[PDB]
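K.L.:
Attaching a single structure in structure tokens format; questions to follow.
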Amino acid sequence: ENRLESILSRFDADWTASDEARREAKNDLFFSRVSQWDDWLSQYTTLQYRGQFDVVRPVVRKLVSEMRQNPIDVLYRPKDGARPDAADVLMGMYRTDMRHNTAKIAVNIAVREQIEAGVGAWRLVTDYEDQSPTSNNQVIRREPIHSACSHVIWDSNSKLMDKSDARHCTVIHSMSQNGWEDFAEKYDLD
Amino acid sequence: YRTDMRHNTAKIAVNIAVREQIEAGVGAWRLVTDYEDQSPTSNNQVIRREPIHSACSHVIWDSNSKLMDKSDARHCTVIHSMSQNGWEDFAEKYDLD
Amino acid sequence: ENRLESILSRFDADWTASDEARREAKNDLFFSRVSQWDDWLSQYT
Amino acid sequence: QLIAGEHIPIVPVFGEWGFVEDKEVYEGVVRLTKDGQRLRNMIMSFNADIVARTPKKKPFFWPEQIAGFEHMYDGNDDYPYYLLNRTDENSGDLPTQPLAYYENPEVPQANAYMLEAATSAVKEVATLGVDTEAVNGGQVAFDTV
Amino acid sequence: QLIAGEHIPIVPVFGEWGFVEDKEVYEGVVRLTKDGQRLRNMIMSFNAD
Amino acid sequence: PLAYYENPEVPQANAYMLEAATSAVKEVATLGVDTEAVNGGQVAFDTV
Amino acid sequence: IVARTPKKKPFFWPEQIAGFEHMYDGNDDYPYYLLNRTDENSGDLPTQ
Amino acid sequence: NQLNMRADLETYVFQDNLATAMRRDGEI
């Protein structure tokens, strides 16, 4: 149909995209449950004893402990035709605004989550630094995303892993009062 | 860095933090500044690493800090528990009633 | 809202920030319990 | 509001991933384990009540065969032995020295077998094919994704 | 009262850390053990009596 | 006296449960502690 | 089988316990366990 | 322990200068 109401086209591609962050995200955020919390579900304060043999963490911790000591970064080789010293420039800075703790963290969280639930993610953003900028009074930075299975949903019908062929990727934020305050300050809102 | 990080205070602040990090999962220490006239790191000044006991409950910084090093936070309110004489020696430092 | 009472903006970012030093700090300081002290809880003598 | 480059600034990491009903499916390792893991927990808890809320081994008397000296049976190491009323007006008391004790707690074979199996089945699926040390970390399939 | 450099002078060390309900979660090793550890203690004590 | 007070025994339950209780503990009592001198089970801790 | 199945408990007659079903509730209060010997209208047969 | 070996110098060094003392090493 033809209904160019903007928030209607947009809320009707998220609402169309969360009927899937349903069937799946339902299971996903709940592994994040049997783990980072009690393996008992749906009853609180009951009267009989409830205890924790809790076997699974040890293998979790294992895997992480393995992925942590196998960092794996990017490379940027030149190309078949490119002159040898084509990347260095590039990498020179990738390695720059990728040193900070934020970059290291965004990943580990993502991986931690990838292991337990199967997913994970982080984002990239830009703003200005006047003192010690990567370049152009600008820098780039890798931010973290908690609970990505349920915070990121991009059903545009993305038929592959890197959601490189998608067009939505709607994300959501949960934040305190003061945060919303500091946020509406940044992006100029009421 | 190696200079005002030799003293026992620096070594300790960490071990406590780690000890705590292991058992509870958290831990922390702070950095502070004041004047030394004899043997200053520099500028009649030095820097020092102080310890923080029970950091999970003594340090709270929910500004909605979305990462581990609370580098993206804006609060980090800390609290101190201390004896009478300490509060006395404290209100002496920071000039209080 | 607009209420530039200083100790009110500050105590209302700690009070806003301890509702979490609740749910979690409750468990945390208590591991510091099962360890650096007895593993029995809530009954004395 | 136009943001920088020419991609969505969100890279996603997955564990095991694919499509089925043409619906998206993925999962971490944990999924397969939840099933037996609760069993573990459960049988655990059950057996916990068994040791707790269950009577301990003590003799079955009649008030009449102990009567007069229920004092030795209280835990006293005071006395050389244990006495029992032989007689009773209105019959020839039949005190067959307490051949009856409350049987001990035992943890049913079922809970015993099931726990063991429950935890076995778990570590079964608790390996992505973890290979020898220093090699083919069971997680190559994870590093690549 | 203006203190020195341009950060909060408090570095925090964590064990296992992440977010869930969008609530902060972390823990030391001890957490997982408390559950059976009391059992130990308990059965212990019981058998002692 | 064909009758003696039976001895204390420690129920099978308390016997089984203790053993299991302590087993389940050391289970989760490893961050994946690797061979000596290597991948200390705490690499995941050193880095954080 | 482990879930929906009765647990191990004694079979009594209401008459051999009657008067003191209180010791059998889980109490470690008492030195022992008592049973009604008698019963008007017979010679109660309480085979513990 | 060795941690306390150190606070045994922070206490010694800072003690000799008061009492034992008696040195000074100039160049030319």
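Ordering of the structure tokens sets the chain letters (A, B, ...), residue numbers begin anew at 1 in every chain, and ligands are numbered from 1 in the order given.
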Please provide as a ChimeraX atom specification all residues within 12 Å of stretch 10-21 of chain H, with the sequence filter that same-chain residues fewer than 5 positions apart are discarded (counting only C-alpha atoms).

P.N.:
/B:6-9,38 /H:3-5

K.L.:
Give me, as a PyMOL selection string, the residues of chain D that a backbone DSSP run labels alpha helix (DSSP H).

P.N.:
chain D and resi 34-52+63-66+109-124+140-144

K.L.:
Would you save the residues of that selection, restricted to C-alpha atoms, as an mmCIF file, in the first residue's frame?

P.N.:
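This went into result31.cif:
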```cif
data_model
loop_
_atom_site.group_PDB
_atom_site.id
_atom_site.type_symbol
_atom_site.label_atom_id
_atom_site.label_comp_id
_atom_site.auth_asym_id
_atom_site.auth_seq_id
_atom_site.Cartn_x
_atom_site.Cartn_y
_atom_site.Cartn_z
ATOM 1 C CA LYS D 34 19.963 -26.697 30.025
ATOM 2 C CA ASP D 35 17.941 -29.905 29.709
ATOM 3 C CA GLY D 36 20.015 -32.264 31.870
ATOM 4 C CA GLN D 37 21.498 -29.485 33.931
ATOM 5 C CA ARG D 38 18.223 -28.811 35.724
ATOM 6 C CA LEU D 39 17.848 -32.541 36.313
ATOM 7 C CA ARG D 40 21.195 -32.430 38.019
ATOM 8 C CA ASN D 41 20.028 -29.453 40.123
ATOM 9 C CA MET D 42 16.704 -31.142 40.778
ATOM 10 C CA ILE D 43 17.729 -34.625 41.880
ATOM 11 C CA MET D 44 20.268 -32.630 43.858
ATOM 12 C CA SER D 45 17.628 -30.656 45.657
ATOM 13 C CA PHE D 46 15.410 -33.719 46.105
ATOM 14 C CA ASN D 47 18.193 -35.642 47.769
ATOM 15 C CA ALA D 48 18.858 -32.595 49.908
ATOM 16 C CA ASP D 49 15.386 -32.852 51.420
ATOM 17 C CA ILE D 50 15.972 -36.583 51.923
ATOM 18 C CA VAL D 51 18.892 -36.039 54.268
ATOM 19 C CA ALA D 52 17.158 -33.097 55.932
ATOM 20 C CA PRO D 63 5.649 -47.152 76.254
ATOM 21 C CA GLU D 64 5.317 -50.181 78.527
ATOM 22 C CA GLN D 65 8.604 -51.966 77.896
ATOM 23 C CA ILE D 66 10.654 -48.805 78.545
ATOM 24 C CA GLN D 109 18.569 -45.911 43.052
ATOM 25 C CA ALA D 110 16.520 -43.803 40.655
ATOM 26 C CA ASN D 111 17.858 -40.495 41.925
ATOM 27 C CA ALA D 112 21.306 -42.112 42.038
ATOM 28 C CA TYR D 113 21.220 -43.406 38.473
ATOM 29 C CA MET D 114 19.504 -40.368 37.046
ATOM 30 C CA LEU D 115 21.904 -37.872 38.561
ATOM 31 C CA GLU D 116 24.884 -39.744 37.177
ATOM 32 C CA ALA D 117 23.275 -40.068 33.737
ATOM 33 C CA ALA D 118 21.914 -36.522 33.862
ATOM 34 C CA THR D 119 25.424 -35.133 34.365
ATOM 35 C CA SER D 120 26.956 -37.555 31.837
ATOM 36 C CA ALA D 121 24.552 -36.488 29.091
ATOM 37 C CA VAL D 122 25.526 -32.908 29.877
ATOM 38 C CA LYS D 123 29.302 -33.021 29.387
ATOM 39 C CA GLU D 124 28.493 -35.107 26.313
ATOM 40 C CA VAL D 140 37.952 -23.092 15.833
ATOM 41 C CA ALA D 141 34.360 -23.235 14.630
ATOM 42 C CA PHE D 142 33.822 -20.254 16.900
ATOM 43 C CA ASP D 143 36.913 -18.216 16.169
ATOM 44 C CA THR D 144 36.109 -18.153 12.473
#
```

K.L.:
Distance atom CA of residue A:115-atom CA of residue D:30, one decimal place?

P.N.:
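So the two atoms, atom CA of residue A:115 and atom CA of residue D:30, lie 7.6 Å apart.
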